[PDB]
Structure formats: C-alpha cells, structure tokens
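First comes the structure, then the notes that go with it.
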2 protein chains.
Amino acid sequence: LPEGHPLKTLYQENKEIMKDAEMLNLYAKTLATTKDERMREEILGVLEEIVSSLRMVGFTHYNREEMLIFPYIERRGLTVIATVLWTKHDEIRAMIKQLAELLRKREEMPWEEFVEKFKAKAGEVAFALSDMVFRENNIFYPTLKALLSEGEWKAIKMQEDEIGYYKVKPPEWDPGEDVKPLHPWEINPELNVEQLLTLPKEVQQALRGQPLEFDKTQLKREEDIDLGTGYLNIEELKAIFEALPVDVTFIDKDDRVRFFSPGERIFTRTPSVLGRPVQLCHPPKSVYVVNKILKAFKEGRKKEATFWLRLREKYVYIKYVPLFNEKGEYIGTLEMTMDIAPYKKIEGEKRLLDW
Amino acid sequence: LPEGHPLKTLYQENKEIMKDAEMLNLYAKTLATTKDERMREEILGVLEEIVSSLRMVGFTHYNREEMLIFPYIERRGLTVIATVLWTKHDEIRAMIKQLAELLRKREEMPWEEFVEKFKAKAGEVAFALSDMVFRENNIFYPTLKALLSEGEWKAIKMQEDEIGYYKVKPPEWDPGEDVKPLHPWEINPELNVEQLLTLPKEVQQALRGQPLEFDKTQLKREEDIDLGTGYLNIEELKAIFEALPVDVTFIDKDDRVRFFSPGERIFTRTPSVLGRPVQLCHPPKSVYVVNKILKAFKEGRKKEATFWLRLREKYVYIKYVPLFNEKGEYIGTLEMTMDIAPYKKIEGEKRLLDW
C-alpha cells in the first residue's frame, strides 16, 4: 500500500493507538507503585495527556470507519461486521470517558482508592483498545483490502479530512486521474462464492448461517434534482420548505420576488407577488430601508439585517441575508421569518421521549 | 359586471365604506351635541363598532388592491398610480388607528376635549375615506376595467379569499372554463397610443410627462424548477439551504438518508451517508429510538419528536417531523437541528437599523 492510501492510514493510526494503550498501562501500573509526591505528579501529568489523546480515537479513527467505510460493506451484506464493530467502539469510548472522569475526580477519594481504580480501569481500556486494533488489523482490514475497489478508496480518501486522523498526517493519494471515485450507491455490491469462502472465518461466523444479502437500492430516481448533497424531487422540496420553522422569501438579482415558502406563514404571500420588484411589494414609505439594505448587501458592507417584534402571542424574528454562489457572486437576498417565542421557553435538557 | 367579478366586489365594498364613513360622521357630530349620559354611552357603543369595522378596510379592500391588483398595472407602466394609492391607503390606515386610540383613551381627558377631538378626527377620516372611494370608483376602476383581461380577473378572483373582504360575501365567478388565468408575468403589458389617450386625465397627469414603460421581465428562466410558489435553480436552492438557521437531513420512504443541508453544520454529514439506511447511520444502541419514532410517524400516532441539550456554547434544539405529500401520503421524515442560544438572548424590539 502506498503512503496516503486510506487503508495504510488506518494501520498507521492503529500503531499509534497501540503505543498509547501501552503507555497508559505502563504509567498506571507505575503510578500504583510510586511513593514520591513529585514523581506521582509527573506520572499524573503524562496520564492526563495520554487519556486526553485517547479520547480522540472515537472522533477520528472510529468515526472515519463508521461514517466512511461501513457503508461499503453494509451494501455487500456485511452489516453485522459494521454493527458489531460499532457497538465495541462505543464501549471503548465509554470506558475512555470513565477513565478521564476518574483522573479528573482523583482528589475526591483517598489516594489508595484512586490508584487502584485507575490501574484496574486503565488495564481494561488498554486491553479493549489492543483487542480492537488486533480485530481490525487482522480481520477487518484484510476484508476491506480484498473487497473495496480503488474507486471506493478514492471516494473515501476525498472525505477523510472532514473528520480527521489519530496522530497521522497522511500525504495525498490518487490511484489515477482516470479512476472514477465511487460512492456506496455506485458499486457492484455482489460477492461471488469464492469471495464468500475467502472471507476470514470470523466474518463468515458473524453471518450466523445466512448467505449474504446485497443492497442494490438506487439513490438517483427518475425525476430527482441533484442538489450536491442529496437528490430530491419537487414534492419533497415543497413539503420540506413548509415543514421548516422559518418562512422564507427569495429576492433574485433583479430585486424581484422569485420564491416564497408555502404553508401557513406569519406574513402572507400570494402568487401575484412572483416577479414583482421587491420595492413595489412594500408601502412606499418602507422603500428607503429596502434599498439601503440591498445596496449594503450587494456592495458587501453588510451581511445581515435583523428585526424583531411582538405580534400577539408570537415573537417574530426577521432576518435578511445576501446569498452568494460558488464563485462568490451575489445571487439575491433571502428573507427569513420565525416565531421565536416557542424557544424562549426551552429549559434544562430533553434526551428521551415519552411514548 | 356579473356578481362575483372582482371589480364588482370592489365597487360593492366601496359602497359599504361610504356608508360607514358617513355613519361615523353622523355619530361623531351627534355625540358632540348630546348631554344625556345614557344617550352618550349608546352613541359611543355604535362608534366603537364603526371604528373597529373601519380598521378592516386596510386588511381587506386596500390589501387586495395592493397585493392582487397593483402588479398588473405596474407592468403596464402605471406604477405611479399604485405608489400614490398605496401612500394614501396608509395615511387613512394611520388616521383610523388614531381615531381608535382616541376612542380608547377617552376617559383620560375631560369630556369637552374628547368630543371635540373625536369630532374633528372623525370628520377627517370620513372625508379621506370618501375621497378615496371617489378616486377609486371614478378614476382607478374605469382604468382597470379598460386594461385588465378576463384571464387576469380570473387569476385575481382565485386569490381573493386568502385575504378577505370588507362586508361583502361575493359568489363564484369564472368567465369560462377555457379562459386561461393570467399572472402578472404572463400578460402583454403593452399599451397602444389610443389606450394611452383614453386613460383618465388624472392618470395621464400622474405620468408627469413620461411615456409609459412596460415590464416584460420573465419569471420562468431556462433551468428553473417549478416549486408551485416560485421558480428556483440548483445554485439558488443550495445557497438557501446553507443560509437557513436549521441544519436539515431528509430520510426518504425506504428510511434512507436522501439529503442533508450543506455548509457548516452542528452534526457533520458526509456524502458517504447518502442512500444509507438511517438505522445504519446511528450507533446500534440508538436504533430502537430511531425505529420507534419512524413507526409512530408512519402510523400517525405522532407528528413530532423533540430533543435539546447544551453542546459547549450552543443550545442545540433537535426536531423530527414526518413529511406528507398533497394526497396525504407519507414521503419521509425531516430532521431539523439548530442553535437556539442566539434567540434566548433577544429582548424588547428592533424595528430599525444602525448603518
């Protein structure tokens, strides 16, 4: 594997996780046998760095695997691998968090109680991290290596920086300017019998006696609009805009009303307003404000205008922003209106349901 | 004109405004000459009804004219008529409001001061309302009558109920099942010289010496998507979704992620997630909640699920709702995420700028 290959990077990260898991163990055991106060504060300082570093495993390494890689094997009938790895990743994340809390609350308890709990907990984290590196290196990665095409690895390589890396700064990798990058919906997910039989034993065992089922669902449908980050049809777009907590009105480059969101709105709009200069939409007394906002937007002196007021039981929050396209060119202005009184009365936390 | 014709309705409304303006005058003058306390409270009771009724002129009659009708004459080069009528409508709205306030605060001042201010102010409101009815009936409406086609009146008739009427309950009107309804961007705005010369004198005078300029701007552009309430292209749709204060993720009918909003989001999403079962997107421990929400949405036992939490300096508010199409059929589920901490700290009112 060349430097930069997403698979090489995963191996490289694992080598760093192994070192950190092992230094964690070394330092936790050592802390438990150390009497000198100063030497204790030194070991604790290293332990804080190691543990704080290990928290990054979930946000980078595990996260890239779960978000970038699993989709390609799920389509190939290997969802169980993904589900089982994901569940383990979470158990390790939870254990690293417990370890950080212990280290943080160490002066709330006698020293003998702290060092013994820290040593036990560190031993468990190190063992789980190590066992995951081994499962990954020896079972999961040889699977990916046999199954994924260059074009899938290229698609993957492209999204990696959005998430990040555990202690690796990988260089560039492109397998070829004529290799087309493949998203999970673009591959042939099918595996033949020989591929099935060459799967590691542990992966075949995970199937629990059930032949592979491939996912050939098509993302792009007949009437779909390619929005860059998804595919939607007219009916979906309509229902989405209605469902939003903002009422929206789009003013295009001629300063003409071009679109308003459907459904119940705070300030009603009619069809007869489409194509109308925004200045003819307002009382003549409001026009100076409308024009001074649009000019500041166009010339780039301002990037927002905000108003708000009470309107019966509604706390109406109004915001105007200029819209720009990819090249950085002004394409119009968006008016956004919402009732913010419902949020004003949100307190504490809700992380569960009620049904 | 047949009953139901939007022009007939405007005349009918004006006849009601004239009566109310005249009863206002009658009762204000009478109040000023009445000594008996009981007779005073009776006149005041009628005055409250009349004034409270007159407040509706702006929200219905004037509002329909401004929103439904003006666009058709603006395109024909008669923007000045629209601007001048609109400015007057607002002066009358402001005067009716002053009259209502006077009536409301009547016991804050001596009676002789109140009745004399009420009589003066009522006289002014009645005169302005009457003068507007006369301008409209004699100048504006004969203009509309000569210029607007059946198809424009049909388009107009269709939107009238969205706004309402001043004391008229018009029946149905369709000029013919083969008459195509015309929006302001669909007409020929051009006027010929004879039409110009047949314009009322007052309308020609409003032109201040300048030949008509017609608006032939086209709403529907080459690559436009017809969204029912406007026309947008891909680039506009992208910039709009990014500009919104909600992060959005659309789950389609297969329970597959189909779209997520671009730009900086609170919870990052990657391309590799498109087409993915929503259940494979989440840790396996979160799946029971995901499925119980989707089922309650599909079966119609629930129409929303809401969560919220602190995430550093952000107060993240998360809401799931099921989306339905026109016929009432489930088309998927929308996840909406926003930082509501910025609104939590909004107080009092902002109705002006700062630049």
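Residues in the structure tokens are numbered from 1 in each chain, the chains being A, B, ... in the order shown, and ligands are numbered from 1 in the order shown.
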
Selection near residue 67 in chain A, 9 Å with only C-alpha atoms, sequence-local residues under 4 positions removed, as a CSV table (one decimal) with N, CA, C and O atoms, in the first residue's frame:
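selection_37.csv, freshly written:
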chain,number,residue,atom,x,y,z
A,62,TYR,N,-12.2,5.8,14.7
A,62,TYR,CA,-13.5,5.0,14.7
A,62,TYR,C,-14.6,5.7,13.9
A,62,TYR,O,-15.4,5.0,13.3
A,63,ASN,N,-14.6,7.0,13.9
A,63,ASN,CA,-15.6,7.8,13.3
A,63,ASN,C,-15.5,7.7,11.7
A,63,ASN,O,-16.5,7.5,11.1
A,71,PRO,N,-20.4,1.9,5.1
A,71,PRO,CA,-21.5,1.9,4.1
A,71,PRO,C,-21.1,0.9,3.0
A,71,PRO,O,-22.0,0.3,2.4
B,269,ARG,N,-22.2,15.7,8.3
B,269,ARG,CA,-22.7,14.7,7.5
B,269,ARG,C,-21.7,14.6,6.3
B,269,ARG,O,-21.2,15.6,5.8
B,270,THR,N,-21.5,13.4,5.8
B,270,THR,CA,-20.7,13.2,4.6
B,270,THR,C,-21.5,12.6,3.5
B,270,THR,O,-22.5,12.0,3.7
B,272,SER,N,-21.0,10.0,1.9
B,272,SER,CA,-21.0,8.5,2.0
B,272,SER,C,-22.3,8.1,2.7
B,272,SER,O,-22.6,6.9,2.7
B,273,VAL,N,-23.0,9.0,3.4
B,273,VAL,CA,-24.2,8.7,4.1
B,273,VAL,C,-25.5,8.7,3.2
B,273,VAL,O,-26.5,8.3,3.6
B,281,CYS,N,-26.8,4.5,10.1
B,281,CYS,CA,-26.2,5.8,10.4
B,281,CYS,C,-26.0,6.1,11.9
B,281,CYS,O,-25.3,7.0,12.2

Using only C-alpha atoms, determine which residues of chain B fall within 6 Å of chain A; present them as an MDAnalysis selection string.
chainID B and resid 68 219 229:230 258:260 272 275 307:309 344 349:351

File of the preceding selection, N, CA, C and O atoms, as an mmCIF file, in the first residue's frame:
data_model
loop_
_atom_site.group_PDB
_atom_site.id
_atom_site.type_symbol
_atom_site.label_atom_id
_atom_site.label_comp_id
_atom_site.auth_asym_id
_atom_site.auth_seq_id
_atom_site.Cartn_x
_atom_site.Cartn_y
_atom_site.Cartn_z
ATOM 1 N N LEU B 68 -53.005 42.166 -5.028
ATOM 2 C CA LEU B 68 -53.549 41.391 -6.144
ATOM 3 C C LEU B 68 -53.624 42.172 -7.445
ATOM 4 O O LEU B 68 -53.426 41.614 -8.533
ATOM 5 N N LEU B 219 -40.301 35.514 -15.489
ATOM 6 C CA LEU B 219 -40.073 34.830 -14.249
ATOM 7 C C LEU B 219 -39.397 33.467 -14.498
ATOM 8 O O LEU B 219 -38.364 33.138 -13.913
ATOM 9 N N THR B 229 -44.809 27.761 -5.639
ATOM 10 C CA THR B 229 -44.784 29.135 -5.132
ATOM 11 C C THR B 229 -43.493 29.865 -5.530
ATOM 12 O O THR B 229 -42.939 30.642 -4.750
ATOM 13 N N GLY B 230 -43.007 29.617 -6.742
ATOM 14 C CA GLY B 230 -41.804 30.289 -7.214
ATOM 15 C C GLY B 230 -41.029 29.404 -8.156
ATOM 16 O O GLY B 230 -41.417 28.271 -8.393
ATOM 17 N N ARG B 258 -31.442 10.793 2.218
ATOM 18 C CA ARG B 258 -31.613 11.218 0.850
ATOM 19 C C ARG B 258 -31.034 12.626 0.592
ATOM 20 O O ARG B 258 -30.635 12.944 -0.537
ATOM 21 N N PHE B 259 -30.980 13.458 1.638
ATOM 22 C CA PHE B 259 -30.480 14.830 1.516
ATOM 23 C C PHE B 259 -30.068 15.382 2.867
ATOM 24 O O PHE B 259 -30.722 15.141 3.867
ATOM 25 N N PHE B 260 -28.980 16.137 2.891
ATOM 26 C CA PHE B 260 -28.627 16.923 4.062
ATOM 27 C C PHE B 260 -28.209 18.312 3.595
ATOM 28 O O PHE B 260 -27.644 18.473 2.513
ATOM 29 N N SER B 272 -20.953 9.977 1.858
ATOM 30 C CA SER B 272 -20.993 8.531 2.006
ATOM 31 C C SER B 272 -22.256 8.063 2.743
ATOM 32 O O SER B 272 -22.596 6.875 2.740
ATOM 33 N N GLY B 275 -28.100 7.438 0.755
ATOM 34 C CA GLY B 275 -28.595 6.128 0.357
ATOM 35 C C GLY B 275 -28.521 5.124 1.472
ATOM 36 O O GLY B 275 -28.953 3.982 1.311
ATOM 37 N N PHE B 307 -35.912 16.978 20.875
ATOM 38 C CA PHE B 307 -34.858 16.852 21.888
ATOM 39 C C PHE B 307 -34.106 18.172 21.994
ATOM 40 O O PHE B 307 -34.194 19.009 21.099
ATOM 41 N N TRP B 308 -33.355 18.353 23.077
ATOM 42 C CA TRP B 308 -32.450 19.503 23.197
ATOM 43 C C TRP B 308 -31.374 19.330 24.288
ATOM 44 O O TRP B 308 -31.572 18.609 25.272
ATOM 45 N N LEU B 309 -30.236 19.995 24.104
ATOM 46 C CA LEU B 309 -29.114 19.855 25.021
ATOM 47 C C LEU B 309 -28.112 20.979 24.827
ATOM 48 O O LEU B 309 -28.139 21.672 23.813
ATOM 49 N N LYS B 344 -32.516 33.003 22.586
ATOM 50 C CA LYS B 344 -32.664 33.081 24.037
ATOM 51 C C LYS B 344 -32.320 34.460 24.573
ATOM 52 O O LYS B 344 -32.862 34.883 25.588
ATOM 53 N N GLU B 349 -37.618 45.238 21.428
ATOM 54 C CA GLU B 349 -37.918 45.269 19.999
ATOM 55 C C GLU B 349 -36.881 46.005 19.151
ATOM 56 O O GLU B 349 -36.316 47.013 19.576
ATOM 57 N N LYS B 350 -36.638 45.488 17.950
ATOM 58 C CA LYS B 350 -35.796 46.165 16.972
ATOM 59 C C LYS B 350 -36.577 46.340 15.675
ATOM 60 O O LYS B 350 -36.880 45.360 14.995
ATOM 61 N N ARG B 351 -36.914 47.583 15.341
ATOM 62 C CA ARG B 351 -37.680 47.869 14.129
ATOM 63 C C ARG B 351 -36.905 48.801 13.198
ATOM 64 O O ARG B 351 -37.421 49.230 12.157
#

Taking the DSSP assignment computed from this structure's backbone, write out as an NGL selection string all residues of range 125-296 of chain A that belong to alpha helix (DSSP H).
:A and (125-135 or 141-147 or 150-159 or 193-198 or 201-205 or 234-243 or 287-296)

Write out as a PyMOL selection string the residues lying within 12 Å of range 109-119 of chain B, counting only C-alpha atoms and excluding same-chain residues fewer than 2 positions away.
chain B and resi 24-35+37+40+43-44+47-48+51+95-96+98-107+121-126

Serialized selection, N, CA, C and O atoms, as a CSV table (one decimal), in the first residue's frame:
chain,number,residue,atom,x,y,z
B,24,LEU,N,-70.1,57.2,10.8
B,24,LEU,CA,-69.0,57.7,11.6
B,24,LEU,C,-69.2,59.2,11.9
B,24,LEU,O,-69.3,59.7,13.0
B,25,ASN,N,-69.4,60.0,10.8
B,25,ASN,CA,-69.6,61.4,10.8
B,25,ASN,C,-70.9,61.8,11.6
B,25,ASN,O,-70.9,62.6,12.4
B,26,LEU,N,-72.0,61.1,11.2
B,26,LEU,CA,-73.3,61.3,11.8
B,26,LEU,C,-73.2,61.2,13.4
B,26,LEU,O,-73.7,62.0,14.1
B,27,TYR,N,-72.5,60.1,13.8
B,27,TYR,CA,-72.5,59.7,15.2
B,27,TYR,C,-71.4,60.6,16.0
B,27,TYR,O,-71.6,60.8,17.2
B,28,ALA,N,-70.4,61.0,15.3
B,28,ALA,CA,-69.4,61.9,16.0
B,28,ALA,C,-70.0,63.3,16.2
B,28,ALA,O,-69.7,63.9,17.2
B,29,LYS,N,-70.7,63.8,15.2
B,29,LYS,CA,-71.3,65.1,15.3
B,29,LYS,C,-72.4,65.1,16.4
B,29,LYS,O,-72.5,66.0,17.2
B,30,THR,N,-73.2,64.0,16.4
B,30,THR,CA,-74.2,63.8,17.4
B,30,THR,C,-73.7,63.7,18.8
B,30,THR,O,-74.3,64.2,19.7
B,31,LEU,N,-72.6,62.9,19.0
B,31,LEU,CA,-72.0,62.8,20.3
B,31,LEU,C,-71.7,64.1,20.8
B,31,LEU,O,-71.9,64.4,22.0
B,32,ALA,N,-71.1,65.0,20.0
B,32,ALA,CA,-70.8,66.4,20.4
B,32,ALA,C,-71.9,67.2,20.8
B,32,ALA,O,-71.7,68.2,21.5
B,33,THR,N,-73.2,66.9,20.4
B,33,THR,CA,-74.3,67.7,20.9
B,33,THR,C,-75.2,67.1,22.0
B,33,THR,O,-76.2,67.7,22.3
B,34,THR,N,-74.8,65.9,22.5
B,34,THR,CA,-75.6,65.1,23.4
B,34,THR,C,-75.2,65.3,24.8
B,34,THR,O,-74.1,65.1,25.2
B,35,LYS,N,-76.2,65.7,25.7
B,35,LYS,CA,-76.0,65.9,27.1
B,35,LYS,C,-76.3,64.6,27.9
B,35,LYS,O,-75.5,64.3,28.8
B,37,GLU,N,-76.3,61.2,29.7
B,37,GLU,CA,-75.2,60.3,29.8
B,37,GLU,C,-75.5,59.0,29.1
B,37,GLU,O,-74.7,58.4,28.5
B,40,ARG,N,-75.2,59.3,25.4
B,40,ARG,CA,-73.8,59.3,25.1
B,40,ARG,C,-73.1,57.9,25.1
B,40,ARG,O,-72.4,57.6,24.2
B,43,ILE,N,-74.3,56.1,21.8
B,43,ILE,CA,-73.6,56.6,20.7
B,43,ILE,C,-72.1,56.1,20.7
B,43,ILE,O,-71.6,55.7,19.7
B,44,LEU,N,-71.5,56.1,21.9
B,44,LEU,CA,-70.1,55.6,22.0
B,44,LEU,C,-70.1,54.1,21.6
B,44,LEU,O,-69.1,53.7,21.0
B,47,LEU,N,-70.1,54.0,17.9
B,47,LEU,CA,-68.8,54.5,17.4
B,47,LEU,C,-67.7,53.5,17.5
B,47,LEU,O,-66.8,53.4,16.6
B,48,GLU,N,-67.7,52.7,18.6
B,48,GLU,CA,-66.7,51.6,18.7
B,48,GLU,C,-66.8,50.5,17.7
B,48,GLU,O,-65.8,50.1,17.2
B,51,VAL,N,-65.7,52.3,14.1
B,51,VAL,CA,-64.3,52.4,14.1
B,51,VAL,C,-63.6,51.0,14.0
B,51,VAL,O,-62.6,50.8,13.2
B,95,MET,N,-54.8,57.2,10.2
B,95,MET,CA,-55.9,58.0,10.8
B,95,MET,C,-56.9,57.2,11.5
B,95,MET,O,-57.5,57.6,12.5
B,96,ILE,N,-57.3,56.1,10.9
B,96,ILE,CA,-58.3,55.2,11.5
B,96,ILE,C,-57.7,54.7,12.9
B,96,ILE,O,-58.4,54.7,13.9
B,98,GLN,N,-55.5,56.3,14.9
B,98,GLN,CA,-55.5,57.4,15.8
B,98,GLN,C,-56.9,57.6,16.4
B,98,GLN,O,-57.1,57.9,17.6
B,99,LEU,N,-57.9,57.5,15.5
B,99,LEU,CA,-59.3,57.5,15.9
B,99,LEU,C,-59.7,56.4,16.9
B,99,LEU,O,-60.4,56.7,17.9
B,100,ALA,N,-59.3,55.2,16.7
B,100,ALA,CA,-59.5,54.1,17.6
B,100,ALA,C,-58.8,54.4,19.0
B,100,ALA,O,-59.4,54.1,20.0
B,101,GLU,N,-57.6,54.9,19.0
B,101,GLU,CA,-56.8,55.3,20.2
B,101,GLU,C,-57.5,56.3,21.0
B,101,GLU,O,-57.6,56.2,22.3
B,102,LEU,N,-58.0,57.4,20.4
B,102,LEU,CA,-58.8,58.5,21.0
B,102,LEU,C,-60.0,57.9,21.7
B,102,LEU,O,-60.3,58.2,22.8
B,103,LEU,N,-60.8,57.0,20.9
B,103,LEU,CA,-62.0,56.4,21.5
B,103,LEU,C,-61.6,55.6,22.7
B,103,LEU,O,-62.3,55.5,23.7
B,104,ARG,N,-60.5,54.9,22.7
B,104,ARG,CA,-60.0,54.0,23.7
B,104,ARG,C,-59.5,54.8,25.0
B,104,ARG,O,-59.8,54.4,26.1
B,105,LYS,N,-58.9,56.0,24.7
B,105,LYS,CA,-58.3,56.8,25.8
B,105,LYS,C,-59.2,57.9,26.3
B,105,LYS,O,-58.8,58.8,27.0
B,106,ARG,N,-60.5,57.9,25.9
B,106,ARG,CA,-61.5,59.0,26.1
B,106,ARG,C,-61.6,59.4,27.6
B,106,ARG,O,-62.1,60.5,27.8
B,107,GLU,N,-61.4,58.5,28.6
B,107,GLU,CA,-61.6,58.9,30.0
B,107,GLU,C,-60.4,59.5,30.6
B,107,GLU,O,-60.4,59.9,31.8
B,121,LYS,N,-61.4,64.6,14.3
B,121,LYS,CA,-60.7,63.4,13.7
B,121,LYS,C,-61.6,62.5,12.9
B,121,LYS,O,-61.2,62.1,11.8
B,122,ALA,N,-62.8,62.3,13.4
B,122,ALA,CA,-63.8,61.6,12.6
B,122,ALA,C,-64.2,62.3,11.3
B,122,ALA,O,-64.3,61.7,10.3
B,123,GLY,N,-64.3,63.6,11.3
B,123,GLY,CA,-64.6,64.4,10.1
B,123,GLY,C,-63.5,64.2,9.1
B,123,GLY,O,-63.8,64.1,7.8
B,124,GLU,N,-62.2,64.1,9.5
B,124,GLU,CA,-61.1,63.9,8.6
B,124,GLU,C,-61.0,62.5,8.0
B,124,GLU,O,-60.7,62.3,6.8
B,125,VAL,N,-61.2,61.5,8.9
B,125,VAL,CA,-61.3,60.1,8.4
B,125,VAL,C,-62.4,59.9,7.4
B,125,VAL,O,-62.3,59.3,6.4
B,126,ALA,N,-63.6,60.5,7.7
B,126,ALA,CA,-64.7,60.3,6.8
B,126,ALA,C,-64.4,61.0,5.5
B,126,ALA,O,-64.8,60.5,4.4

Find the nearest atom pair between each residue of range 28-106 of chain A and range 9-17 of chain A for residues within 8 Å, count only C-alpha atoms, give distances in Å to one decimal, sort rows by chain and ascending number, and present the table as CSV.
residue,atom,partner,partner_atom,distance
A:54,CA,A:17,CA,7.6
A:57,CA,A:17,CA,7.7
A:61,CA,A:13,CA,7.1

Writing out the chosen residues with N, CA and C atoms as a PDB file, in the first residue's frame:
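Result saved to out_17.pdb:
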ATOM      1  N   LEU A  54      -6.347   9.697  23.930  1.00  0.00           N
ATOM      2  CA  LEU A  54      -7.193   8.552  23.653  1.00  0.00           C
ATOM      3  C   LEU A  54      -8.659   8.934  23.411  1.00  0.00           C
ATOM      4  N   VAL A  57      -9.537   9.002  19.668  1.00  0.00           N
ATOM      5  CA  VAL A  57      -9.758   7.786  18.884  1.00  0.00           C
ATOM      6  C   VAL A  57     -11.190   7.681  18.307  1.00  0.00           C
ATOM      7  N   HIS A  61     -10.330   8.101  14.061  1.00  0.00           N
ATOM      8  CA  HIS A  61     -10.236   6.722  13.611  1.00  0.00           C
ATOM      9  C   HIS A  61     -11.545   5.918  13.530  1.00  0.00           C
TER      10      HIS A  61
END

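We find CA of residue 147 in chain B and CA of residue 132 in chain B to be spaced 20.6 Å apart.
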